[PDB]
Amino acid sequence: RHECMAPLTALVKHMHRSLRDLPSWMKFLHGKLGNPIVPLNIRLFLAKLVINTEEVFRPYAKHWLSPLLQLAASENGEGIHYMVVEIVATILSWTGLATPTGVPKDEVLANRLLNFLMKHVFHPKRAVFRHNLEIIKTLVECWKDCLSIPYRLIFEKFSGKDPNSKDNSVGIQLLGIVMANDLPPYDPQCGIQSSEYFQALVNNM
């Protein structure tokens with residue numbers, strides 16, 4: 001809870017009230033954020049400020065998302081996954097008002113964050129884990145454009161070593177949640193085998 005910057009939020013609110021690029025000392029911030037070469041502390045400061053004041057620069061999300069998007073990628077000290085979930089929720093606070101489809105880079109970074117989340121979608125508390133579950137639910141039900149189901153590693157995270165343990169069921173749950181949308185059940189070019197990829201399902205059942 002690094003908090004020594006509330007007057008920055010106050011002045012941002014005042015500038016919004018006292019006053020499609022809007023360089024109200026803003027494009028300077030966008031440039032200093034777009035480069036992924038800066039100590040992570042400054043990234044944390046700007047992340048807190050945008051998390052507090054996204055509503056000010058609402059008619060600029062179509063350019064705001066991409067530097068934030070690459071900031072989310074490779075995000076490596078007060079708990080990294082915390083700020084990860086808040087920034088992804090804030091960047092998903094809109095659905096059609098801004099979307100990651102204009103450049104190949106946005107789909108690339110969307111795939112990267114997908115990989116990170118699905119390799120890290122678990123918590124023993126089973127409620128914040130469920131919280132992650134509706135996070136994936138919301139993102140898959142909103143975007144459907146930059147999304148690219150891997151079908152390779154998800155195979156073994158639902159299948160596993162075939163134990164009696166209740167470990168891989170998270171994979172089955174995430175498959176069901178993402179398949180609540182109209183996504184294809186299985187891409188033959190993905191998952192390599194694409195045939196016994198469901199045999200693992202029947203063994204798990």
Inset, instruction - Considering only the range 20-42, state which residues are among the polar types (S, T, N, Q) and exposed (fewer than 14 other Cβ atoms within 10 Å of the Cβ). - result: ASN35, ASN41
Legend entry - Residues of the range 51-62 satisfying the condition of being in a helix (DSSP H, G or I), touching a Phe, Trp or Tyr at 6+ places or on another chain (Cβ under 9 Å) and crowded, with 16+ Cβ neighbours inside 10 Å: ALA61
Inset, instruction - Can you confirm whether the range 14-35 contains a residue that is over 25 Å from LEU109 (Cβ atoms), in contact with a helix residue (DSSP H, G or I) (Cβ under 9 Å, 6 or more places away or on another chain) and in a helix (DSSP H, G or I)? - result: yes
Legend entry - Out of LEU71, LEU65, sole residue that is crowded, with 16+ Cβ neighbours inside 10 Å and more than 15 Å from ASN41 (Cα to Cα): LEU65
Inset, instruction - Could you tell me whether the range 86-107 includes any residue that is over 17 Å from the mean Cα position of the chain (by Cα) and either surrounded by 15 or more Cβ atoms within 10 Å (Cβ to Cβ) or part of a helix (DSSP H, G or I) (or both)? - result: no
Inset, instruction - Could you figure out which of (1) surrounded by fewer than 17 Cβ atoms within 10 Å (Cβ to Cβ); (2) assigned to a helix (DSSP H, G or I); (3) more than 12 Å from the chain's Cα centre (by Cα) isn't true of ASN111? - result: (3)
Inset, instruction - Output the number of the condition that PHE158 fails; it satisfies all remaining conditions of (1) loosely packed, with under 15 Cβ neighbours inside 10 Å; (2) in contact with a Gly (Cβ under 9 Å, 6 or more places away or on another chain). - result: (1)
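A quick note on method: Cβ atoms are made from the backbone with ideal geometry, for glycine too, and the neighbour counts reach across all protein chains shown. No lab work stands behind these numbers, since they all come straight from the coordinates.
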